[PDB]
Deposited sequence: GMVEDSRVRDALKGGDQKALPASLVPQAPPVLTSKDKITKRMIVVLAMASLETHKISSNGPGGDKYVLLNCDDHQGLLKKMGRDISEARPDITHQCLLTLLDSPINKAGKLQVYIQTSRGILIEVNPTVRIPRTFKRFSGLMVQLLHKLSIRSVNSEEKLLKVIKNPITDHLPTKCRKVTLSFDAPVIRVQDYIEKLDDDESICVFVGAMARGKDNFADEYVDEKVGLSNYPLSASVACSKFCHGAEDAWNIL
């Protein structure tokens, strides 16, 4: 199982893009968050409710822990709400606790990439917009939305062409319209008759893709 990156535009895979991710640093440098920085966000005149980097953190853990990741058939990108685009190497160990995650994101946003000790390989890297320049050549692009017709993921995946990847844009936000990828996507689809958290929408999509692709 070779490690997938944007250089490979052929291999059929699943891609998840965590869009409108709230990853923004402020010098106290910390990753702005609604719990710790209410006072600051308020005196900044920002919407207190929108600084939710915990959503991106939880989605990353969900996604990189999944069997489809371990089987080498997942890539994740992050598009932040400030327009930064980040390619996540499949093998990166995202810190399990929010505090260490926050430290890692500050370093990434400042330096533009993170490598390991011992290796030049970038495990996280800021790359140039737009995301469509990096995705596979044959890639169905979908936004997940409560407001769109509900699909069974297995069925949807089984309808892909044999050489066609699937890129899912998921809003990594507490609230907002699901229009964040309307210029890239082919279709919007819902996964449930209930509204879901971004992380659960991620897990549900991954599970369905695992099932359709016989990844256990």
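Residues 1 to 28, 57 to 65 of the deposited sequence have no C-alpha coordinates in the structure.
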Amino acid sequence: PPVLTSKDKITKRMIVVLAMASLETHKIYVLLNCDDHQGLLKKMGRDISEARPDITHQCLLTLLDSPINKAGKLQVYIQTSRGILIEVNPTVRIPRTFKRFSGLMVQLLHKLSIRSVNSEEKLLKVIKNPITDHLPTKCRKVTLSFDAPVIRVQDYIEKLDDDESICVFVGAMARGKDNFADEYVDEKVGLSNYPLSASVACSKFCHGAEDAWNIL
From here on, numbers count along this sequence of modelled residues.
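So that the term is clear: the rigid core is the largest set of C-alpha atoms that superpose within 1.5 Å between two forms.
Core superposition of the other structures onto this form places the C-alphas of 179 to 187 farther off in 4 other deposited structures of this protein than those of the other stretch among 52 to 60 and 179 to 187. Using the rigid core as the fitting frame, the root mean square C-alpha deviation in 4 other deposited structures of this protein is greater for 32 to 40 than for the other of 63 to 71 and 32 to 40.
174 to 182 and 160 to 168 differ in mean CA B-factor, and the higher of the two is recorded for 174 to 182. Of the two segments, 19 to 27 and 197 to 205, the one listed with the higher mean B-factor is 19 to 27 (C-alpha atoms only). Across the residues 55, 51, 63, 191, the deposited record lists the maximum Cα B factor for 51. Between the residues 116, 75, 137, 80, it is 116 that shows the highest Cα B-factor in the PDB record. When the modelled residues of the chain are ordered by C-alpha B-factor, residue 128 sits in the middle third. The PDB entry assigns residue 148 a C-alpha temperature factor belonging to the middle third of its chain's modelled residues. Ranked within its chain, residue 69 lands in the lowest third, by CA B factor from the PDB record.
Split the chain's modelled residues into thirds by C-alpha temperature factor. Residue 187 is in the lowest one.
Ranked within its chain, residue 91 lands in the middle third, by CA B factor from the PDB record.
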